[PDB]
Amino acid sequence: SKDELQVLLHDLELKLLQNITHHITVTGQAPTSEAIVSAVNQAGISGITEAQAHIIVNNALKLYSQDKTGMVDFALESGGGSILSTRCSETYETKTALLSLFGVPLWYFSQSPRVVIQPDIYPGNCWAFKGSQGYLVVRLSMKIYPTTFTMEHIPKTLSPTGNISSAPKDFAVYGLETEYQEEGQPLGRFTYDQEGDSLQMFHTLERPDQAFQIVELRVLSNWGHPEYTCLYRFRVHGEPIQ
């Protein structure tokens, strides 16, 4: 069926993306055209050319073009961070067309808020909530003075119409002393810029007076999508208590 098809192409793309991501993480470079030919072959399609592989790699680099820093991420799940799901907006499921590694649009499905704290970024692998206002609360792996936040979204070059209207725009960040604190300490108000890079960093105006192990992200608006907002990744940086 056409569904099974879109699924298999999605899984094929993901294999290639995981390959490329792994290689960049370890070596700091994209793999050669030849390694890509080989990975495509392992995934079950032989006879890809070098020119085709080079196109696949440049398409991948549309997404992985910033060499990101080694700033420790205390929200990252595999580092011990976790979502306090009871305090997030209700998940809203979406199906969105994005430009794939293969140059054609594919269907992608948004997921649960746990994707917000998974490593790296992958097309369509975002958490959607309904409307343009939402809440996410993350328990950090360590108690820290939070000093910097990173928000990531896919670039417009992955949209078949060069458009990311469902991306977060205005947001605010709060430190929560406990899981029940209704009103948290304001850590900052920022705006994700649809004219900026995929990965964007946001710094507190001052070093906070207090350290937190719980952080609340409030998305206050989006870039114009009438039905929902899509959040890909949120990272939390700072200094552990001494």
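Start at 1 and count along the sequence shown; that's the residue number.
Discussion item. If you average the CA temperature factors as listed in the entry, which stretch comes out higher, 87-95 or 144-152?
Written reply: On average, C-alpha B-factors are higher across 87-95.
Practice prompt. Name the higher of the two by mean Cα B-factor in the PDB entry, 32-40 versus 59-67.
Written response: For C-alpha atoms only, the mean B-factor is higher in 59-67.
Discussion item. Is residue 210 in the lowest, middle or highest third of its chain when residues are ranked by C-alpha B-factor?
Written reply: Highest third.
Discussion item. Lowest, middle or highest third: which one holds residue 174 when the chain's residues are ordered by CA B-factor from the entry?
Written reply: As the PDB entry reports it, the C-alpha B-factor of residue 174 lands in the middle third of its chain.
Discussion item. Quick check on the deposited entry: does the C-alpha B-factor of residue 181 sit in the lowest, middle or highest third of its chain?
Written reply: For residue 181, whose C-alpha B-factor we compare with every modelled residue in the chain, the answer is the highest third.
Item to complete: Among all modelled residues of this chain, ranked by Cα B factor, put residue 132 in the bottom, middle or top third, i.e. lowest, middle or highest.
Response: Highest third - that is where residue 132 ends up once the chain's C-alpha B-factors are sorted.
Worksheet item: Would the CA B-factor of residue 216 place it in the lowest, middle or highest third of its chain?
Response: Answer is lowest: the recorded C-alpha B-factor places it there.
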